[PDB]
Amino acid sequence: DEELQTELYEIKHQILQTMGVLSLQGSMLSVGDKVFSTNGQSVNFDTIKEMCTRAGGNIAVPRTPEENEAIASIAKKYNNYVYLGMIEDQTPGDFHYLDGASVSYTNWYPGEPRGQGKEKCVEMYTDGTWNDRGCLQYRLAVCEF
């Protein structure tokens, strides 16, 4: 269709414009096909999950070095640790994404994880490395869409 082609072009341009504005003003960070954003609040794991789902997204989880660096830049920006989208398996030391799949990419701080099963959550330090920790602390809420 000849009109369909032009309509799609305009639609794609408008999306580029809206995403460009959000990017320019630091409202979000786009990495590949993933968009990260924070509301600036520091709350516990359960609360963060609720906030993200309310917005139509999920708690952020890095699956590549580039995504990890992006979340880390936000942690650094707000000078606060970030809870990530993963929880410990029944077997201590093993973690899984919230959908149940086993974690692949990892960036544990040397020595971590070592909570012996008592720290089922994972927090990201400002340098981007990870630490298994309890889930009741107040951490920066970072979501992915």
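We call the rigid core the largest set of C-alpha positions that still match within 1.5 Å between the two forms. Numbering starts at 1 and runs along the sequence shown.
**Q** Once everything is fitted on the core, do the CA positions of 118-126 or those of 17-25 lie farther from the shown form in 4 other deposited structures of this protein?
**A** When 118-126 and 17-25 are compared in 4 other deposited structures of this protein, 118-126 lies farther out.
**Q** Mean CA B-factor: is it higher for 86-94 or for 51-59?
**A** Between 51-59 and 86-94, it is 86-94 that shows the higher mean C-alpha B-factor.
**Q** In the PDB record, does 38-46 or 24-32 carry the higher mean Cα temperature factor?
**A** Comparing 38-46 with 24-32, the higher average CA B-factor belongs to 38-46.
**Q** Would you mind checking where the Cα B-factor of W130 ranks among the modelled residues of its chain, as the lowest, middle or highest third?
**A** According to the entry, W130 has a C-alpha B-factor in the chain's lowest third.
**Q** State the tercile, meaning the lowest, middle or highest third, of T64 with respect to the CA B-factors recorded for its chain.
**A** Tercile = lowest for this residue's CA B-factor.
**Q** According to the PDB entry, is the CA B factor of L16 in the bottom, middle or top third of its chain, that is, lowest, middle or highest?
**A** It belongs to the middle third of the chain when residues are ordered by C-alpha B-factor.
**Q** Comparing against every modelled residue in the chain, figure out the third that the C-alpha B-factor of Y81 lands in (lowest, middle or highest).
**A** Answer is middle: the recorded C-alpha B-factor places it there.
**Q** Place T106 in the lowest, middle or highest third of its chain's C-alpha B-factors, as listed in the PDB entry.
**A** Its C-alpha B-factor belongs to the lowest third of this chain's values.
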